[PDB]
Amino acid sequence: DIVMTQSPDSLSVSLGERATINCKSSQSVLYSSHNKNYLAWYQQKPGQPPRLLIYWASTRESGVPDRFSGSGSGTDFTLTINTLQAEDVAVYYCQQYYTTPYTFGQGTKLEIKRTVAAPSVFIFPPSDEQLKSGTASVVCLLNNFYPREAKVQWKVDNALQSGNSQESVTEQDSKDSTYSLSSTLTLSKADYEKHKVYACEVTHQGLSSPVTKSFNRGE
Amino acid sequence: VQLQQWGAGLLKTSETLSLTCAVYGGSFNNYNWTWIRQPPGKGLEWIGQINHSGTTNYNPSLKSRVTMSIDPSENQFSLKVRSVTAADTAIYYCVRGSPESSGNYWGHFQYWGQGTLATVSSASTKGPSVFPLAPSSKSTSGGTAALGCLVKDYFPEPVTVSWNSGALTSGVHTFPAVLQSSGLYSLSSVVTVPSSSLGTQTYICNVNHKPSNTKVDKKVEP
Ligand SMILES: *[C@@H]1O[C@H](CO)[C@@H](O[C@@H]2O[C@H](CO)[C@@H](O)[C@H](O)[C@H]2NC(C)=O)[C@H](O)[C@H]1NC(C)=O
Ligand SMILES: [Mg+2]
Ligand SMILES: [Mg+2]
C-alpha cells in the first residue's frame, strides 16, 4: 500500500498567522502522463464528515478560500493555511487517489492560539429527581476559557476529593476559539446526605486567583 | 448531490454490519460508490467501491469480510461487513468516488454522507435518565445564569440535545460523552442566558437517544 505520513501530529497557531502541515507518500503519486499529483487535502470538524479542500495537490475545491494553499510533487506535499481564522480549527488529512487501496494520512490536529480568557464557573447541585434514584451527580461548569489547561478540585466539607469525579472538555469553539469543561462528582445518596458544603475550585491562567463556587446541601 | 445513509448501530461480535446509502441528484450510474470508515478519535480507512455494473474493489485490509451491493433502479448501494469485532466500531461514510469518464484523474472525494456509527459490543441498549441542572438562585456578578440537562447512563452513542426545539443555540455547550467504568455513557448539555430572561423565558432541553427510542423534553426552572 502507499503509506501516507503527516507531520506534525498536532500544532497550535495564533489567529492571523501561518499553519504548515506536511504529508509524505511512501511512493510517488505523480501521474506522469497528466503531470498531476493524485493527492487530496481534507478538513474535518467534530461530528462532520471530512470537507475536501484541495485536489491535484494544489487545486482548491469550490468554496475554499485562497488562504488554503497546497504545494509539492511526487512524495512530499504541504498544506499552508495563511491568515488563520477561528473557523479553521479542525483535523487536516492528506490522501492519495493514485492507486487502490486509497490511503489517508493519520491526521494533523490544528488548535487556534488566542488571548487568555478566564472561565466563568458554575456549580449545580443534584436534582431532587436524581436523589430519588439513589445517586447524586454534582456538576461544575467552566465556560469559554483559553488555554485548555485547567485544574478542577472538588472539596466536600473542606476535604479534597479523589477518584469520584470525571471531566469532559468541548472541542475548541469555531467562533471564539475557547474551550468549556464539565467536572461531575458522583456520590451515593447516603454519602451526599452525610455532608453539607460542596465546592468546586478552579485554577486557570486567566484567573487572578483560584475561583471557588459552592452550595450548602438543602439551601 | 445529497447522500442519505442508514443502518449499522449496535451489534455483537461475529454479527454482520449492514449499511445502505441513497443518492439524490441523478447521475448515479457514472460513479464508483464508496464506503470509508473512521474509528472514534482515529483516522480514515477506505473500505471499497462498487459501480452500476456491480464491479467492486475492496481494500485487502477488509476484503475477505466485505460485500457491497448496488441497486441502480433505486440509486442505492449497500455495505456488509461480516464477523465484526471491536476493530469495526467506527463511523461509516458513504462517499461518491471516481467517474467512468476519467477514473483517478477525477478521483478526489468531494461528496460524503453524514456517517453512521457501528458499535460492536455485547452490552444492552439503555435509554438515558435526563435530570435538570437548575439555574442557581444567585447569578454571576454581571447578570449571566447557567442551566442545563444531565443525560446519564445510556448506551450506545449517539444522543442529540437541543434547547427550545432549536430556537436556543447561542451559549449552548453539549459536552462529549464520558464512557463511565460501567460501560455506560453520560453527558451534560448547558447554556448561559441573561439572569433577566429567567422570569419570562421557558428553557426546555430536547433529548433524543434514537438507539433506545428515548425522546425526552425536560423543563429546567430555578
Ligand atoms: C471506478 O474506479 C476504476 C478504478 O478502480 C475506474 O476504472 C479506470 O477508468 C480509467 C478511465 O477510463 C481507465 O483508464 C482505467 O483503465 C480504469 N482502471 C481499471 C483498473 O479499471 C473507473 O473509471 C471508475 N468509475 C466507474 C464508474 O467505474
Ligand atoms: Mg454478508
Ligand atoms: Mg421545546
# chains A, B, ... in the order shown; residues from 1 in each chain; ligands from 1
call {"tool": "residues_near_ligand", "arguments": {"ligand": "ligand 2", "cutoff": "7 Å", "atoms": "only C-alpha atoms and all ligand atoms", "output": "list in words"}}
result
residues 16, 66, 67, 80, 81 and 82 of chain B
call {"tool": "residues_around", "arguments": {"residues": "stretch 180-190 of chain B", "least_positions_apart": "5", "cutoff": "9 Å", "atoms": "only C-alpha atoms", "output": "list in words"}}
result
residues 139, 141, 166, 168 and 182 of chain A; 123, 126, 128, 133, 146, 147, 148, 149, 150, 151, 152, 153, 154, 155, 156, 157, 161, 162, 171, 172, 173, 174, 175 and 205 of chain B
call {"tool": "select_by_dssp", "arguments": {"residues": "stretch 16-175 of chain A", "states": "alpha helix (DSSP H)", "output": "list in words"}}
result
residues 128, 129, 130, 131 and 132 of chain A
call {"tool": "closest_atom_pairs", "arguments": {"of": "chain A", "to": "ligand 1", "cutoff": "9 Å", "atoms": "only C-alpha atoms and all ligand atoms", "output": "CSV"}}
result
residue,atom,partner,partner_atom_place_in_ligand_line,distance
A:99,CA,ligand 1,5 (O),7.7
A:100,CA,ligand 1,5 (O),6.8
A:101,CA,ligand 1,5 (O),8.9
call {"tool": "closest_residue", "arguments": {"among": "A:213, A:194, A:151, A:18", "to": "chain B", "atoms": "only C-alpha atoms"}}
result
A:213
call {"tool": "interface_residues", "arguments": {"of": "chain B", "to": "chain A", "cutoff": "6 Å", "atoms": "only C-alpha atoms", "output": "PyMOL selection string"}}
result
chain B and resi 43+46+59+107+110+114+133+175
call {"tool": "residues_near_ligand", "arguments": {"ligand": "ligand 3", "cutoff": "7 Å", "atoms": "only C-alpha atoms and all ligand atoms", "output": "VMD selection string"}}
result
chain B and resid 163 to 165 204 to 206 217
call {"tool": "write_last_selection", "arguments": {"atoms": "N, CA, C and O atoms", "output": "PDB file, in the first residue's frame"}}
result
ATOM      1  N   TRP B 163     -32.208  22.827  22.535  1.00  0.00           N
ATOM      2  CA  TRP B 163     -32.856  23.708  23.528  1.00  0.00           C
ATOM      3  C   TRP B 163     -33.996  24.458  22.830  1.00  0.00           C
ATOM      4  O   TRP B 163     -33.776  24.985  21.729  1.00  0.00           O
ATOM      5  N   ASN B 164     -35.183  24.416  23.412  1.00  0.00           N
ATOM      6  CA  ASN B 164     -36.373  25.130  22.869  1.00  0.00           C
ATOM      7  C   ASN B 164     -36.556  24.730  21.401  1.00  0.00           C
ATOM      8  O   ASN B 164     -36.711  25.618  20.552  1.00  0.00           O
ATOM      9  N   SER B 165     -36.458  23.430  21.115  1.00  0.00           N
ATOM     10  CA  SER B 165     -36.633  22.808  19.778  1.00  0.00           C
ATOM     11  C   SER B 165     -35.739  23.490  18.740  1.00  0.00           C
ATOM     12  O   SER B 165     -36.134  23.531  17.566  1.00  0.00           O
ATOM     13  N   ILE B 204     -36.272  24.501  27.800  1.00  0.00           N
ATOM     14  CA  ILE B 204     -36.532  23.037  27.684  1.00  0.00           C
ATOM     15  C   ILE B 204     -35.377  22.411  26.906  1.00  0.00           C
ATOM     16  O   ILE B 204     -35.075  22.886  25.790  1.00  0.00           O
ATOM     17  N   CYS B 205     -34.771  21.365  27.458  1.00  0.00           N
ATOM     18  CA  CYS B 205     -33.789  20.529  26.725  1.00  0.00           C
ATOM     19  C   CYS B 205     -34.538  19.359  26.083  1.00  0.00           C
ATOM     20  O   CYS B 205     -35.294  18.672  26.776  1.00  0.00           O
ATOM     21  N   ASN B 206     -34.339  19.209  24.792  1.00  0.00           N
ATOM     22  CA  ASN B 206     -34.925  18.128  23.964  1.00  0.00           C
ATOM     23  C   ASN B 206     -33.823  17.088  23.795  1.00  0.00           C
ATOM     24  O   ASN B 206     -32.864  17.390  23.093  1.00  0.00           O
ATOM     25  N   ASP B 217     -38.398  15.624  26.589  1.00  0.00           N
ATOM     26  CA  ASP B 217     -38.366  17.105  26.699  1.00  0.00           C
ATOM     27  C   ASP B 217     -38.396  17.427  28.191  1.00  0.00           C
ATOM     28  O   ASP B 217     -39.327  16.975  28.844  1.00  0.00           O
TER      29      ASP B 217
END
call {"tool": "atom_distance", "arguments": {"atom1": "atom CA of residue B:37", "atom2": "atom CA of residue A:90"}}
result
17.9 Å
call {"tool": "select_by_dssp", "arguments": {"residues": "chain B", "states": "strand (DSSP E or B)", "output": "ChimeraX atom specification"}}
result
/B:2-7,9-11,17-24,31-38,45-50,56-58,66-71,76-81,90-99,112,116-120,126,129-133,144-155,160-163,168,172-174,178-179,185-194,204-209,214-219
call {"tool": "residues_around", "arguments": {"residues": "residue A:13", "least_positions_apart": "3", "cutoff": "7 Å", "atoms": "only C-alpha atoms", "output": "PDB file with C-alpha atoms, in the first residue's frame"}}
result
ATOM      1  CA  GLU A  17      -0.537  33.560  11.412  1.00  0.00           C
ATOM      2  CA  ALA A  19      -0.054  26.970   9.693  1.00  0.00           C
ATOM      3  CA  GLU A 111      -5.516  24.344  17.584  1.00  0.00           C
ATOM      4  CA  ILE A 112      -6.002  28.163  17.352  1.00  0.00           C
ATOM      5  CA  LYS A 113      -3.867  30.188  19.836  1.00  0.00           C
TER       6      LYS A 113
END
call {"tool": "atom_distance", "arguments": {"atom1": "atom CA of residue A:74", "atom2": "atom CA of residue A:21"}}
result
16.3 Å
call {"tool": "closest_residue", "arguments": {"among": "B:42, B:50, B:136, B:31", "to": "residue B:100", "atoms": "only C-alpha atoms"}}
result
B:31
call {"tool": "closest_residue", "arguments": {"among": "B:115, B:72, B:48, B:132", "to": "residue B:98", "atoms": "only C-alpha atoms"}}
result
B:48
call {"tool": "residues_around", "arguments": {"residues": "residue A:192", "least_positions_apart": "5", "cutoff": "10 Å", "atoms": "only C-alpha atoms", "output": "list in words"}}
result
residues 126, 131, 134, 135, 136, 137, 138, 156, 186, 187, 197, 198 and 217 of chain A
call {"tool": "write_last_selection", "arguments": {"atoms": "C-alpha atoms", "output": "mmCIF file, in the first residue's frame"}}
result
data_model
loop_
_atom_site.group_PDB
_atom_site.id
_atom_site.type_symbol
_atom_site.label_atom_id
_atom_site.label_comp_id
_atom_site.auth_asym_id
_atom_site.auth_seq_id
_atom_site.Cartn_x
_atom_site.Cartn_y
_atom_site.Cartn_z
ATOM 1 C CA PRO A 126 -28.005 17.154 42.179
ATOM 2 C CA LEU A 131 -31.688 11.762 44.508
ATOM 3 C CA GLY A 134 -30.052 6.683 44.879
ATOM 4 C CA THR A 135 -27.237 8.655 43.099
ATOM 5 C CA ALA A 136 -26.104 12.323 43.370
ATOM 6 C CA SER A 137 -24.216 13.995 40.468
ATOM 7 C CA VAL A 138 -22.726 17.435 41.332
ATOM 8 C CA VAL A 156 -16.761 18.265 50.444
ATOM 9 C CA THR A 186 -20.626 11.171 41.596
ATOM 10 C CA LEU A 187 -21.655 10.090 45.158
ATOM 11 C CA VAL A 197 -20.618 22.072 51.806
ATOM 12 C CA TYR A 198 -19.993 21.148 48.123
ATOM 13 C CA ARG A 217 -26.841 20.886 50.719
#
call {"tool": "closest_residue", "arguments": {"among": "B:167, B:117, B:70, B:84", "to": "residue B:29", "atoms": "only C-alpha atoms"}}
result
B:70
call {"tool": "atom_distance", "arguments": {"atom1": "atom CA of residue B:20", "atom2": "atom CA of residue B:5"}}
result
5.5 Å
call {"tool": "closest_residue", "arguments": {"among": "B:39, B:191, B:24, B:78", "to": "residue B:170", "atoms": "only C-alpha atoms"}}
result
B:191
call {"tool": "decode", "arguments": {"residues": "stretch 58-90 of chain B", "atoms": "N, CA, C and O atoms", "output": "PDB file, in the first residue's frame"}}
result
ATOM      1  N   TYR B  58     -12.357  -3.992  -3.201  1.00  0.00           N
ATOM      2  CA  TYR B  58     -12.296  -3.854  -1.731  1.00  0.00           C
ATOM      3  C   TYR B  58     -10.841  -3.792  -1.268  1.00  0.00           C
ATOM      4  O   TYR B  58      -9.945  -4.502  -1.793  1.00  0.00           O
ATOM      5  N   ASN B  59     -10.632  -2.983  -0.234  1.00  0.00           N
ATOM      6  CA  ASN B  59      -9.352  -2.887   0.493  1.00  0.00           C
ATOM      7  C   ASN B  59      -9.001  -4.278   0.987  1.00  0.00           C
ATOM      8  O   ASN B  59      -9.793  -4.887   1.700  1.00  0.00           O
ATOM      9  N   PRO B  60      -7.818  -4.827   0.628  1.00  0.00           N
ATOM     10  CA  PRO B  60      -7.358  -6.094   1.207  1.00  0.00           C
ATOM     11  C   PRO B  60      -7.378  -6.151   2.745  1.00  0.00           C
ATOM     12  O   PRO B  60      -7.449  -7.253   3.276  1.00  0.00           O
ATOM     13  N   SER B  61      -7.313  -5.001   3.436  1.00  0.00           N
ATOM     14  CA  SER B  61      -7.405  -4.954   4.923  1.00  0.00           C
ATOM     15  C   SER B  61      -8.691  -5.644   5.402  1.00  0.00           C
ATOM     16  O   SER B  61      -8.647  -6.199   6.508  1.00  0.00           O
ATOM     17  N   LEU B  62      -9.772  -5.552   4.621  1.00  0.00           N
ATOM     18  CA  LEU B  62     -11.161  -5.935   4.992  1.00  0.00           C
ATOM     19  C   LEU B  62     -11.783  -6.881   3.964  1.00  0.00           C
ATOM     20  O   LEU B  62     -12.913  -7.326   4.190  1.00  0.00           O
ATOM     21  N   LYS B  63     -11.125  -7.099   2.839  1.00  0.00           N
ATOM     22  CA  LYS B  63     -11.762  -7.647   1.618  1.00  0.00           C
ATOM     23  C   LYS B  63     -12.496  -8.962   1.914  1.00  0.00           C
ATOM     24  O   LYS B  63     -13.621  -9.124   1.395  1.00  0.00           O
ATOM     25  N   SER B  64     -11.914  -9.867   2.705  1.00  0.00           N
ATOM     26  CA  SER B  64     -12.494 -11.217   2.963  1.00  0.00           C
ATOM     27  C   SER B  64     -13.814 -11.091   3.727  1.00  0.00           C
ATOM     28  O   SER B  64     -14.623 -12.040   3.698  1.00  0.00           O
ATOM     29  N   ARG B  65     -14.039  -9.959   4.384  1.00  0.00           N
ATOM     30  CA  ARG B  65     -15.229  -9.794   5.251  1.00  0.00           C
ATOM     31  C   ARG B  65     -16.281  -8.881   4.621  1.00  0.00           C
ATOM     32  O   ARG B  65     -17.354  -8.734   5.205  1.00  0.00           O
ATOM     33  N   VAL B  66     -16.014  -8.282   3.461  1.00  0.00           N
ATOM     34  CA  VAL B  66     -16.884  -7.213   2.909  1.00  0.00           C
ATOM     35  C   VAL B  66     -17.707  -7.791   1.767  1.00  0.00           C
ATOM     36  O   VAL B  66     -17.165  -8.605   1.018  1.00  0.00           O
ATOM     37  N   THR B  67     -18.955  -7.353   1.650  1.00  0.00           N
ATOM     38  CA  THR B  67     -19.733  -7.428   0.389  1.00  0.00           C
ATOM     39  C   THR B  67     -20.402  -6.080   0.190  1.00  0.00           C
ATOM     40  O   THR B  67     -21.114  -5.607   1.109  1.00  0.00           O
ATOM     41  N   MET B  68     -20.183  -5.458  -0.963  1.00  0.00           N
ATOM     42  CA  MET B  68     -21.024  -4.317  -1.375  1.00  0.00           C
ATOM     43  C   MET B  68     -22.017  -4.800  -2.423  1.00  0.00           C
ATOM     44  O   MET B  68     -21.790  -5.853  -3.064  1.00  0.00           O
ATOM     45  N   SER B  69     -23.121  -4.080  -2.518  1.00  0.00           N
ATOM     46  CA  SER B  69     -24.187  -4.368  -3.500  1.00  0.00           C
ATOM     47  C   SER B  69     -24.747  -3.035  -3.973  1.00  0.00           C
ATOM     48  O   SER B  69     -24.512  -1.993  -3.333  1.00  0.00           O
ATOM     49  N   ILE B  70     -25.394  -3.050  -5.130  1.00  0.00           N
ATOM     50  CA  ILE B  70     -25.893  -1.798  -5.745  1.00  0.00           C
ATOM     51  C   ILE B  70     -27.254  -2.069  -6.381  1.00  0.00           C
ATOM     52  O   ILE B  70     -27.446  -3.168  -6.940  1.00  0.00           O
ATOM     53  N   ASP B  71     -28.159  -1.111  -6.230  1.00  0.00           N
ATOM     54  CA  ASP B  71     -29.487  -1.139  -6.886  1.00  0.00           C
ATOM     55  C   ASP B  71     -29.625   0.141  -7.691  1.00  0.00           C
ATOM     56  O   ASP B  71     -30.170   1.124  -7.194  1.00  0.00           O
ATOM     57  N   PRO B  72     -29.137   0.167  -8.951  1.00  0.00           N
ATOM     58  CA  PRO B  72     -29.295   1.351  -9.793  1.00  0.00           C
ATOM     59  C   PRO B  72     -30.758   1.814  -9.958  1.00  0.00           C
ATOM     60  O   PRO B  72     -30.960   3.011 -10.062  1.00  0.00           O
ATOM     61  N   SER B  73     -31.726   0.885  -9.981  1.00  0.00           N
ATOM     62  CA  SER B  73     -33.183   1.202 -10.030  1.00  0.00           C
ATOM     63  C   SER B  73     -33.495   2.285  -8.996  1.00  0.00           C
ATOM     64  O   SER B  73     -34.172   3.274  -9.346  1.00  0.00           O
ATOM     65  N   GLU B  74     -32.971   2.104  -7.779  1.00  0.00           N
ATOM     66  CA  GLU B  74     -33.331   2.908  -6.578  1.00  0.00           C
ATOM     67  C   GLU B  74     -32.204   3.877  -6.201  1.00  0.00           C
ATOM     68  O   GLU B  74     -32.344   4.520  -5.157  1.00  0.00           O
ATOM     69  N   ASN B  75     -31.152   4.006  -7.022  1.00  0.00           N
ATOM     70  CA  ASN B  75     -29.990   4.889  -6.739  1.00  0.00           C
ATOM     71  C   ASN B  75     -29.482   4.596  -5.327  1.00  0.00           C
ATOM     72  O   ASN B  75     -29.216   5.563  -4.585  1.00  0.00           O
ATOM     73  N   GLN B  76     -29.397   3.318  -4.961  1.00  0.00           N
ATOM     74  CA  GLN B  76     -28.932   2.894  -3.614  1.00  0.00           C
ATOM     75  C   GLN B  76     -27.758   1.939  -3.769  1.00  0.00           C
ATOM     76  O   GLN B  76     -27.657   1.245  -4.810  1.00  0.00           O
ATOM     77  N   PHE B  77     -26.878   1.935  -2.779  1.00  0.00           N
ATOM     78  CA  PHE B  77     -25.819   0.912  -2.672  1.00  0.00           C
ATOM     79  C   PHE B  77     -25.610   0.620  -1.186  1.00  0.00           C
ATOM     80  O   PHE B  77     -26.057   1.396  -0.336  1.00  0.00           O
ATOM     81  N   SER B  78     -25.042  -0.539  -0.902  1.00  0.00           N
ATOM     82  CA  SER B  78     -25.013  -1.107   0.466  1.00  0.00           C
ATOM     83  C   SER B  78     -23.639  -1.670   0.771  1.00  0.00           C
ATOM     84  O   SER B  78     -22.867  -1.964  -0.150  1.00  0.00           O
ATOM     85  N   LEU B  79     -23.376  -1.809   2.061  1.00  0.00           N
ATOM     86  CA  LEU B  79     -22.178  -2.461   2.603  1.00  0.00           C
ATOM     87  C   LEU B  79     -22.627  -3.539   3.573  1.00  0.00           C
ATOM     88  O   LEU B  79     -23.536  -3.264   4.382  1.00  0.00           O
ATOM     89  N   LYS B  80     -21.951  -4.682   3.534  1.00  0.00           N
ATOM     90  CA  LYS B  80     -21.960  -5.684   4.618  1.00  0.00           C
ATOM     91  C   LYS B  80     -20.528  -5.893   5.080  1.00  0.00           C
ATOM     92  O   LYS B  80     -19.609  -5.998   4.230  1.00  0.00           O
ATOM     93  N   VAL B  81     -20.338  -5.955   6.393  1.00  0.00           N
ATOM     94  CA  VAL B  81     -19.043  -6.363   6.992  1.00  0.00           C
ATOM     95  C   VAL B  81     -19.339  -7.535   7.920  1.00  0.00           C
ATOM     96  O   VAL B  81     -20.079  -7.323   8.900  1.00  0.00           O
ATOM     97  N   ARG B  82     -18.813  -8.722   7.586  1.00  0.00           N
ATOM     98  CA  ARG B  82     -19.080  -9.963   8.350  1.00  0.00           C
ATOM     99  C   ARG B  82     -18.120 -10.071   9.534  1.00  0.00           C
ATOM    100  O   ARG B  82     -17.073  -9.385   9.523  1.00  0.00           O
ATOM    101  N   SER B  83     -18.468 -10.924  10.505  1.00  0.00           N
ATOM    102  CA  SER B  83     -17.593 -11.384  11.607  1.00  0.00           C
ATOM    103  C   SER B  83     -16.975 -10.177  12.313  1.00  0.00           C
ATOM    104  O   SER B  83     -15.754 -10.169  12.492  1.00  0.00           O
ATOM    105  N   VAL B  84     -17.797  -9.218  12.736  1.00  0.00           N
ATOM    106  CA  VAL B  84     -17.286  -7.933  13.306  1.00  0.00           C
ATOM    107  C   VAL B  84     -16.632  -8.168  14.672  1.00  0.00           C
ATOM    108  O   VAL B  84     -16.995  -9.121  15.394  1.00  0.00           O
ATOM    109  N   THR B  85     -15.641  -7.340  14.976  1.00  0.00           N
ATOM    110  CA  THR B  85     -15.003  -7.238  16.311  1.00  0.00           C
ATOM    111  C   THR B  85     -14.983  -5.761  16.694  1.00  0.00           C
ATOM    112  O   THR B  85     -15.442  -4.928  15.911  1.00  0.00           O
ATOM    113  N   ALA B  86     -14.456  -5.452  17.875  1.00  0.00           N
ATOM    114  CA  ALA B  86     -14.309  -4.070  18.368  1.00  0.00           C
ATOM    115  C   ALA B  86     -13.535  -3.222  17.350  1.00  0.00           C
ATOM    116  O   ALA B  86     -13.735  -2.008  17.322  1.00  0.00           O
ATOM    117  N   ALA B  87     -12.681  -3.835  16.537  1.00  0.00           N
ATOM    118  CA  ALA B  87     -11.901  -3.132  15.491  1.00  0.00           C
ATOM    119  C   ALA B  87     -12.832  -2.525  14.430  1.00  0.00           C
ATOM    120  O   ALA B  87     -12.375  -1.623  13.683  1.00  0.00           O
ATOM    121  N   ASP B  88     -14.093  -2.970  14.351  1.00  0.00           N
ATOM    122  CA  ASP B  88     -15.067  -2.494  13.334  1.00  0.00           C
ATOM    123  C   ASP B  88     -15.953  -1.385  13.904  1.00  0.00           C
ATOM    124  O   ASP B  88     -16.742  -0.815  13.163  1.00  0.00           O
ATOM    125  N   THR B  89     -15.824  -1.077  15.188  1.00  0.00           N
ATOM    126  CA  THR B  89     -16.524   0.080  15.772  1.00  0.00           C
ATOM    127  C   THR B  89     -15.990   1.334  15.085  1.00  0.00           C
ATOM    128  O   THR B  89     -14.778   1.570  15.141  1.00  0.00           O
ATOM    129  N   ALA B  90     -16.862   2.061  14.415  1.00  0.00           N
ATOM    130  CA  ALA B  90     -16.434   3.211  13.598  1.00  0.00           C
ATOM    131  C   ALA B  90     -17.637   3.964  13.072  1.00  0.00           C
ATOM    132  O   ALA B  90     -18.765   3.407  13.039  1.00  0.00           O
TER     133      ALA B  90
END
